[PDB]
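S.K.:
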Amino acid sequence: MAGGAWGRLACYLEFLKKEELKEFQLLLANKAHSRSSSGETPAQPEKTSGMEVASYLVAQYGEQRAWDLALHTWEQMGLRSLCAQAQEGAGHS
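Residue 1 is where the sequence shown starts when you use UniProt numbering, and the numbers rise one by one after that.
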């Protein structure tokens, strides 16, 4: 199935769990392409599954600054595999 604007998005977000899915949604909000003198976003997050972080991130931004910033946020953690899979022409494997 396709999504609101995700489909396969939540499949990437099925591999990882709180062990670094939390760090992902965290590191994101620090990087947060605004850049201003706080380095957070307003309204506390409430979304725990990868699916939920999907429909969350498209709300925060849209497809664009969701995924474009996501592909940075894996540079922070060190998920070169994800940054590969996301671009591999493959839709995971």
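Yeah, the Cβ is synthetic: ideal placement off N, Cα and C, and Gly gets one too.
Taking only three categories from DSSP, how would you classify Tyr12?
M.R.: Three-state DSSP puts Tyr12 in a helix.
S.K.: In terms of residues, what are the limits of the alpha helix (DSSP H) holding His72?
M.R.: Residues 63 to 77.
S.K.: Less than 9 Å between the C-beta atoms of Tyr12 and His92, yes or no?
M.R.: Against a cut-off of 9 Å, the Cβ pair of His92 and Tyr12 comes out as a contact.
S.K.: For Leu16, which option in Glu88, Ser81, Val58, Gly89 has the closest C-alpha, if you only look at C-alpha atoms?
M.R.: Here the closest residue by C-alpha is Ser81.
S.K.: Would you kindly check if the distance between the Cβ of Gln60 and the Cβ of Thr48 is under 9 Å?
M.R.: Cβ distance not < 9 Å, so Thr48 and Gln60 don't count as in contact.
S.K.: Using only alpha-carbon positions, find the residue among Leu57, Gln87, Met77 that is nearest to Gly3.
M.R.: When only C-alpha atoms are compared, the closest one is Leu57.
S.K.: Under a Cβ-count criterion, where at least 16 other Cβ atoms within 10 Å of its own Cβ denotes burial, should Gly7 be classed as buried or exposed?
M.R.: Answer is exposed; the Cβ neighbour count stays below 16.
S.K.: Roughly how many angstroms lie between the CA atoms of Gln25 and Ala54, to the nearest whole one?
M.R.: Taking the straight line from one Cα to the other gives about 10 Å.
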